[PDB]
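One structure below.
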Amino acid sequence: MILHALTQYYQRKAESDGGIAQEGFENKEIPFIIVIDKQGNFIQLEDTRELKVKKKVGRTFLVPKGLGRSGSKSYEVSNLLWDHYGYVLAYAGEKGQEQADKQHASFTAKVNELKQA
DNA sequence: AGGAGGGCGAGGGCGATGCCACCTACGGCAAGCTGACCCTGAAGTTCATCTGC
């Protein structure tokens, strides 16, 4: 009854149009967004924060759910299109290169295989 | 010598023993800090040791 009650009301929220994930998604709080055109070319880094007195990480976008990385070789995981700032621009604030470079290298391979599929 | 040393019954009868108004007035009764120090996690990887080849 602990987790059955959760699925029971998730089946009600998903059928009553309450704005929730639909098979493989998650309302992940994404801070800064990346704007492009039809062939790349970065445009603007818009931010959808400005909410509470403690600036959270943007708005909860209905993006695919995280696959749960966590590990020494956490770069080999990599999510779909949303991830980390070291997974997209290969820039690390307190992690350094190589460790964050492999993250972007695997994110590029994931994006390429998604485009091929 | 023999005496008799008071018989008697009244000793408070009357009423007030507090009249007032106060018994507090002031303003403080916290000021300063703590209220947590460390760990131990999910999840994948990684090294030297357990064992067979």
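The opening position of the first sequence corresponds to residue 1 in PDB author numbering, with each subsequent residue numbered one higher.
For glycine and all other residues, C-beta sits at the position ideal for the given N, C-alpha and C.
Notebook entry, point to check: Candidates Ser70, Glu29, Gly40: which alpha carbon is nearest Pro64's?
Noted result: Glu29
Next item on the list: Identify every residue that forms a DSSP beta bridge with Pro31.
Entry: In the DSSP output, where bridge partners are listed per residue, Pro31 has none listed.
Margin query: Using 7 Å as the threshold, is the C-beta distance between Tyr87 and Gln99 below it?
Written below: no
Note to self: For the stretch 20 to 36 against the stretch 56 to 71, do three or more pairs of beta-carbon atoms, one drawn from each stretch, fall closer than 8 Å, so that the two count as touching?
What the structure shows: yes
Check: How would you write the range of the alpha helix (DSSP H) that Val88 sits in, first residue to last?
Finding: 85 to 88
Notebook entry, point to check: Relative to the alpha-carbon of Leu80, which residue among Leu89, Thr60, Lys55, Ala109 has its alpha-carbon at the smallest distance?
Noted result: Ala109
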